[PDB]
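Only one structure is covered here, and it is reproduced in the block below.
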Amino acid sequence: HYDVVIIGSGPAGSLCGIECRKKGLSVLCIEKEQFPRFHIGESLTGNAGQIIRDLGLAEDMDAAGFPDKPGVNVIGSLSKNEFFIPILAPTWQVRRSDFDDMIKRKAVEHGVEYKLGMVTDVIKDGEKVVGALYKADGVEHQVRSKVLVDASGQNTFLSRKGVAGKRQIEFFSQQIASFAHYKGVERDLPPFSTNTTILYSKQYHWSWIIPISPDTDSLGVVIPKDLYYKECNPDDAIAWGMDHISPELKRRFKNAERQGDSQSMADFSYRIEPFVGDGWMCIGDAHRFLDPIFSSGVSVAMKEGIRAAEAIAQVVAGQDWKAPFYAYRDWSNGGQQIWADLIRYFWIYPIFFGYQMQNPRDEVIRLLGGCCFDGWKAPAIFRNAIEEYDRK
Ligand SMILES: Cc1cc2nc3c(=O)[nH]c(=O)nc-3n(C[C@H](O)[C@H](O)[C@H](O)COP(=O)(O)OP(=O)(O)OC[C@H]3O[C@@H](n4cnc5c(N)ncnc54)[C@H](O)[C@@H]3O)c2cc1C
């Protein structure tokens, strides 16, 4: 028996476990993969940076060789339009295998119990979730929980089991990402050498370059699903990007040497509703995924883990789940909708978006730093333009 059982130990599950422990709750985290393990999504927001400082991890970040992130340089190729989004507060580019392991060790330090295992089923008592089944070695185990937290990322465990809602996928923005790590990439000149670079051409055609260590850079090429299936495996997709997205690519990778195989993965934005219920909740990618063009996923996952523990504590302490879980739900929907709007606005009006950075700018900087979860003008501008556009 535990107060809280967390499925998965990415940024959402790890932060949820840490904050649950800070509220004095007993916590079991079941994670199916042995750490450290590779994972994509390497560029952090200023707000993720602040959580990391709060955990007391800043020195360890520098020690791990994670480059400082000055901001993101966005370059459009069809018109050479270029803009730079400065970082809100100091943050980093990370190798996720090592980063996720660091956060996980902090969770263990706070007294989270970990099991290597794959959660496979929930245990119900009528409508109520009261625990879970998981496989470790050759063997099925049972655990009982007051709240089962699904932090399974894009595995969307509770959705797949029909406990949570079905995925509602955004049909018009379906993309496939292909990526690999390289050495020998030409970096921007200081003070910008370790910025994230985003290159885009047509709508939903884009690429990233992220320095993740002193010598290594992550390259991604992201294109519409149909184009990928039509003209492209992940090697071919990356080559297509090198050829068609921007000349900056062939230039910077002139002397680059790939480390390890390339990979592809769905980049479909989705949302799952409901994502809270009696005895359970979802946090992070387990209920919602946004186009990672602005590198917000880890920041969002961490924030949701933190905010969920608040709700969880109230329920473990005897309050009916509705008021607290619905407050979490509404808080999450509020902030995620702002991110979603920013992204849709960018894809519709990428040039107008950029120029916004010369407009007396501060709001967007804060928003892209992650301040999306707390009167600002920007959210309404994005919302209004998108509604008009859709109506048109
Ligand atoms: C192409 C791409 C690029 C991205 N770039 C960025 C970026 O630059 N910056 C950024 O911040 N975000 C980025 N993201 C998003 C980011 O990767 C995710 O939002 C983030 O990892 C979410 O964290 P999570 O904890 O929710 O899920 P995850 O990090 O995926 O963690 C989930 C964990 O759950 C475990 N698990 C799953 N199912 C089970 C089960 N049944 N039992 C036990 N354990 C289980 C998995 O092993 C996994 O470790 C990107 C995403 C994509 C697709």
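If you're wondering about the labels, chains in the structure tokens are A, B, ... by order shown, residues count from 1 in each chain, ligands from 1 in order shown.
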Query - Neighbour list for range 263-274 of chain A as a list in words, cut-off 7 Å, only C-alpha atoms, skip fewer than 4 positions in-chain - result: residues 164, 165, 166, 167, 168, 169, 170, 173, 174, 175, 176, 177, 178, 179, 180, 234, 287, 288, 289, 290 and 291 of chain A
**Report entry** Test item: residues no farther than 7 Å from ligand 1, counting only C-alpha atoms and all ligand atoms, as a PyMOL selection string
**Finding:** chain A and resi 7-13+30-33+39-45+117-120+151-155+157+177+265-267+283-286+289+292+295-299+301
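Take CA of residue 92 in chain A and CA of residue 193 in chain A: the distance between them is 12.8 Å.
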Report as JSON lines the residues of range 44-77 of chain A within 10 Å of range 196-212 of chain A, each with its shortest atom pair and distance in Å (one decimal), using only C-alpha atoms, ordered by chain and increasing residue number.
{"residue": "A:44", "atom": "CA", "partner": "A:196", "partner_atom": "CA", "distance": 9.7}
{"residue": "A:65", "atom": "CA", "partner": "A:212", "partner_atom": "CA", "distance": 8.1}
{"residue": "A:66", "atom": "CA", "partner": "A:212", "partner_atom": "CA", "distance": 5.9}
{"residue": "A:67", "atom": "CA", "partner": "A:212", "partner_atom": "CA", "distance": 6.2}
{"residue": "A:68", "atom": "CA", "partner": "A:212", "partner_atom": "CA", "distance": 9.4}
{"residue": "A:69", "atom": "CA", "partner": "A:196", "partner_atom": "CA", "distance": 7.3}
{"residue": "A:70", "atom": "CA", "partner": "A:196", "partner_atom": "CA", "distance": 8.2}
{"residue": "A:71", "atom": "CA", "partner": "A:196", "partner_atom": "CA", "distance": 6.4}
{"residue": "A:72", "atom": "CA", "partner": "A:196", "partner_atom": "CA", "distance": 4.6}
{"residue": "A:73", "atom": "CA", "partner": "A:197", "partner_atom": "CA", "distance": 4.8}
{"residue": "A:74", "atom": "CA", "partner": "A:198", "partner_atom": "CA", "distance": 4.6}
{"residue": "A:75", "atom": "CA", "partner": "A:199", "partner_atom": "CA", "distance": 4.9}
{"residue": "A:76", "atom": "CA", "partner": "A:200", "partner_atom": "CA", "distance": 5.1}
{"residue": "A:77", "atom": "CA", "partner": "A:201", "partner_atom": "CA", "distance": 5.2}
Residues from the last selection, C-alpha atoms, saved as an mmCIF file, in the first residue's frame:
data_model
loop_
_atom_site.group_PDB
_atom_site.id
_atom_site.type_symbol
_atom_site.label_atom_id
_atom_site.label_comp_id
_atom_site.auth_asym_id
_atom_site.auth_seq_id
_atom_site.Cartn_x
_atom_site.Cartn_y
_atom_site.Cartn_z
ATOM 1 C CA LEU A 44 14.742 23.377 -21.709
ATOM 2 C CA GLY A 65 28.484 19.240 -19.298
ATOM 3 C CA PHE A 66 25.031 20.517 -20.244
ATOM 4 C CA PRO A 67 25.503 23.726 -22.293
ATOM 5 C CA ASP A 68 23.951 26.960 -21.045
ATOM 6 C CA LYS A 69 21.030 28.012 -23.244
ATOM 7 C CA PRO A 70 21.047 31.733 -24.266
ATOM 8 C CA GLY A 71 17.805 31.343 -26.220
ATOM 9 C CA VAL A 72 16.397 30.190 -29.540
ATOM 10 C CA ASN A 73 17.285 31.501 -32.999
ATOM 11 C CA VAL A 74 14.509 30.966 -35.523
ATOM 12 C CA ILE A 75 15.385 31.244 -39.221
ATOM 13 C CA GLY A 76 12.840 31.099 -42.058
ATOM 14 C CA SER A 77 14.240 29.983 -45.405
#
Query raised in the report: Which residue, A:215, A:139, A:122, A:128, has the smallest gap to residue 161 in chain A when you use only C-alpha atoms?
Result: A:122
Query raised in the report: Can you list, as a ChimeraX atom specification, every protein, DNA or RNA residue that comes within 12 Å of residue 17 in chain A when you count only C-alpha atoms, leaving out same-chain residues fewer than 4 positions away?
Result: /A:2-13,21-30,103-114,148-151,283,302,304-310,312-313
Could you write those residues out with N, CA and C atoms, as a short mmCIF file (atom, residue, chain, number, x, y, z; two decimals), in the first residue's frame?
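Output below, filename result_23.cif:
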data_model
loop_
_atom_site.label_atom_id
_atom_site.label_comp_id
_atom_site.auth_asym_id
_atom_site.auth_seq_id
_atom_site.Cartn_x
_atom_site.Cartn_y
_atom_site.Cartn_z
N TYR A 2 0.53 2.19 -0.89
CA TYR A 2 1.18 3.49 -0.91
C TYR A 2 0.12 4.56 -1.04
N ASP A 3 0.44 5.76 -0.59
CA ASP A 3 -0.44 6.88 -0.87
C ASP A 3 -0.56 7.09 -2.39
N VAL A 4 0.58 7.05 -3.07
CA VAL A 4 0.65 7.41 -4.47
C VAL A 4 1.50 6.38 -5.21
N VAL A 5 0.98 5.88 -6.32
CA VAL A 5 1.78 5.06 -7.22
C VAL A 5 1.88 5.84 -8.53
N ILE A 6 3.11 6.03 -8.99
CA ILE A 6 3.36 6.83 -10.19
C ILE A 6 3.83 5.89 -11.29
N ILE A 7 3.15 5.93 -12.44
CA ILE A 7 3.57 5.14 -13.60
C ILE A 7 4.51 5.98 -14.46
N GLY A 8 5.79 5.61 -14.51
CA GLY A 8 6.78 6.34 -15.29
C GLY A 8 7.63 7.32 -14.48
N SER A 9 8.90 7.46 -14.85
CA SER A 9 9.80 8.37 -14.16
C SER A 9 10.54 9.33 -15.10
N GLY A 10 9.86 9.80 -16.14
CA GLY A 10 10.36 10.95 -16.88
C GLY A 10 10.23 12.16 -15.97
N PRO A 11 10.39 13.37 -16.53
CA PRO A 11 10.27 14.62 -15.76
C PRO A 11 8.93 14.76 -15.00
N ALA A 12 7.81 14.33 -15.59
CA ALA A 12 6.54 14.45 -14.89
C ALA A 12 6.49 13.56 -13.64
N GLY A 13 6.79 12.27 -13.80
CA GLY A 13 6.70 11.33 -12.69
C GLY A 13 7.73 11.60 -11.60
N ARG A 21 6.55 13.61 -1.93
CA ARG A 21 7.37 13.36 -0.75
C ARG A 21 7.47 14.61 0.13
N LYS A 22 7.63 15.78 -0.49
CA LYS A 22 7.62 17.03 0.26
C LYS A 22 6.31 17.29 1.00
N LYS A 23 5.21 16.71 0.53
CA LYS A 23 3.93 16.79 1.23
C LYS A 23 3.76 15.64 2.22
N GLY A 24 4.82 14.86 2.42
CA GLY A 24 4.78 13.75 3.37
C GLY A 24 3.98 12.54 2.94
N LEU A 25 3.89 12.29 1.63
CA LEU A 25 3.14 11.14 1.14
C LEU A 25 4.07 9.99 0.80
N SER A 26 3.63 8.75 1.03
CA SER A 26 4.42 7.62 0.58
C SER A 26 4.21 7.41 -0.91
N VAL A 27 5.30 7.13 -1.62
CA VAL A 27 5.29 7.12 -3.07
C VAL A 27 6.07 5.94 -3.61
N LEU A 28 5.45 5.24 -4.55
CA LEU A 28 6.11 4.21 -5.34
C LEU A 28 6.08 4.64 -6.79
N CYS A 29 7.24 4.63 -7.42
CA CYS A 29 7.33 4.89 -8.85
C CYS A 29 7.78 3.62 -9.57
N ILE A 30 6.99 3.22 -10.56
CA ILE A 30 7.26 2.02 -11.35
C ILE A 30 7.68 2.51 -12.73
N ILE A 103 17.39 13.73 -12.20
CA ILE A 103 16.14 14.04 -11.56
C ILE A 103 15.63 12.84 -10.77
N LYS A 104 15.77 11.66 -11.36
CA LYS A 104 15.31 10.42 -10.73
C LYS A 104 16.07 10.14 -9.42
N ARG A 105 17.38 10.38 -9.43
CA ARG A 105 18.18 10.25 -8.22
C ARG A 105 17.74 11.23 -7.13
N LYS A 106 17.34 12.43 -7.53
CA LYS A 106 16.79 13.40 -6.58
C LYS A 106 15.48 12.86 -5.97
N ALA A 107 14.62 12.27 -6.79
CA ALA A 107 13.41 11.64 -6.27
C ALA A 107 13.75 10.57 -5.24
N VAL A 108 14.73 9.73 -5.54
CA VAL A 108 15.11 8.66 -4.62
C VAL A 108 15.65 9.26 -3.32
N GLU A 109 16.41 10.35 -3.46
CA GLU A 109 16.95 11.08 -2.31
C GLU A 109 15.83 11.56 -1.38
N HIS A 110 14.72 11.98 -1.98
CA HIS A 110 13.55 12.42 -1.22
C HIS A 110 12.71 11.27 -0.67
N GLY A 111 13.11 10.03 -0.95
CA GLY A 111 12.43 8.90 -0.33
C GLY A 111 11.37 8.23 -1.20
N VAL A 112 11.34 8.57 -2.48
CA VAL A 112 10.50 7.83 -3.42
C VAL A 112 11.07 6.41 -3.60
N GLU A 113 10.21 5.41 -3.44
CA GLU A 113 10.59 4.03 -3.70
C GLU A 113 10.43 3.71 -5.18
N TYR A 114 11.46 3.13 -5.78
CA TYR A 114 11.39 2.80 -7.20
C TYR A 114 11.36 1.33 -7.45
N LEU A 148 -3.45 6.79 -8.29
CA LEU A 148 -2.56 6.27 -9.32
C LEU A 148 -2.29 7.41 -10.29
N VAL A 149 -1.03 7.81 -10.39
CA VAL A 149 -0.65 8.89 -11.28
C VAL A 149 -0.04 8.32 -12.56
N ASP A 150 -0.65 8.65 -13.69
CA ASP A 150 -0.16 8.19 -14.97
C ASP A 150 0.82 9.23 -15.52
N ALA A 151 2.10 8.89 -15.49
CA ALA A 151 3.12 9.78 -16.01
C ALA A 151 3.87 9.02 -17.08
N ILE A 283 -0.53 13.19 -15.88
CA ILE A 283 0.30 14.38 -15.87
C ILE A 283 1.25 14.30 -17.09
N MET A 302 7.13 19.01 -15.80
CA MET A 302 7.60 19.25 -14.45
C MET A 302 6.57 20.05 -13.66
N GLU A 304 3.31 20.35 -14.19
CA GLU A 304 2.14 19.51 -13.93
C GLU A 304 2.38 18.49 -12.82
N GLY A 305 3.58 17.92 -12.76
CA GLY A 305 3.89 16.98 -11.69
C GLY A 305 3.81 17.69 -10.35
N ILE A 306 4.40 18.88 -10.29
CA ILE A 306 4.42 19.67 -9.07
C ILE A 306 3.01 20.04 -8.63
N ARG A 307 2.22 20.57 -9.57
CA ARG A 307 0.87 21.02 -9.27
C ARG A 307 -0.07 19.87 -8.91
N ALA A 308 0.12 18.72 -9.56
CA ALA A 308 -0.67 17.54 -9.23
C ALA A 308 -0.46 17.09 -7.78
N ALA A 309 0.78 17.15 -7.28
CA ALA A 309 1.06 16.67 -5.92
C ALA A 309 0.22 17.44 -4.91
N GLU A 310 0.01 18.72 -5.21
CA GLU A 310 -0.84 19.58 -4.40
C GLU A 310 -2.25 19.02 -4.31
N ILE A 312 -3.11 15.93 -5.08
CA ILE A 312 -3.03 14.58 -4.54
C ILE A 312 -3.04 14.60 -3.00
N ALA A 313 -2.28 15.52 -2.42
CA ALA A 313 -2.17 15.64 -0.96
C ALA A 313 -3.53 15.89 -0.31
#
Report task. Could you tell me, as number ranges by chain, which residues of range 241-367 of chain A DSSP assigns to strand (DSSP E) when given the backbone? Result -> A: 257-267, 270-272, 276-277, 280-282, 288-289
Query - Counting only C-alpha atoms, the option among A:219, A:247, A:147, A:96 closest to residue 325 in chain A - result: A:147
Report task. Run DSSP on the backbone of this structure and report the residues of range 45-275 of chain A it assigns to helix (DSSP H, G or I), as a ChimeraX atom specification. Result -> /A:46-54,58-63,96-109,153-155,157-160,171-173,225-231,234-244,247-252
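One finds CA of residue 221 in chain A at 5.6 Å from CA of residue 238 in chain A.
Taking CA of residue 123 in chain A as the reference point, CA of residue 280 in chain A is found at 11.0 Å.
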Query raised in the report: Which residue gives the smallest distance to residue 101 in chain A among A:321, A:134, A:389, A:38, with only C-alpha atoms counted?
Result: A:38
Report summary line: Residue with the minimum atom-to-atom distance to residue 95 in chain A, picked from A:387, A:217, A:243, A:235 with only C-alpha atoms counted, is A:217
Requested in this report: Please provide the set of residues having any atom within 12 Å of residue 126 in chain A, restricted to only C-alpha atoms, with same-chain residues fewer than 4 positions apart removed, written as a ChimeraX atom specification.
Outcome: /A:122,130,163,278-279
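Across A:345, A:382, A:99, A:275, the tightest approach to residue 156 in chain A is made by A:275 when counting only C-alpha atoms.
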Requested in this report: Please identify all polymer residues within 9 Å of residue 368 in chain A, counting only C-alpha atoms, omitting same-chain residues fewer than 3 positions from it, and present them as a ChimeraX atom specification.
Outcome: /A:45-46,85,87-88,294-296,339,342,363-365,371-372
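In this comparison, which uses only C-alpha atoms, the residue of A:246, A:351, A:373, A:343 approaching residue 331 in chain A most closely is A:373.
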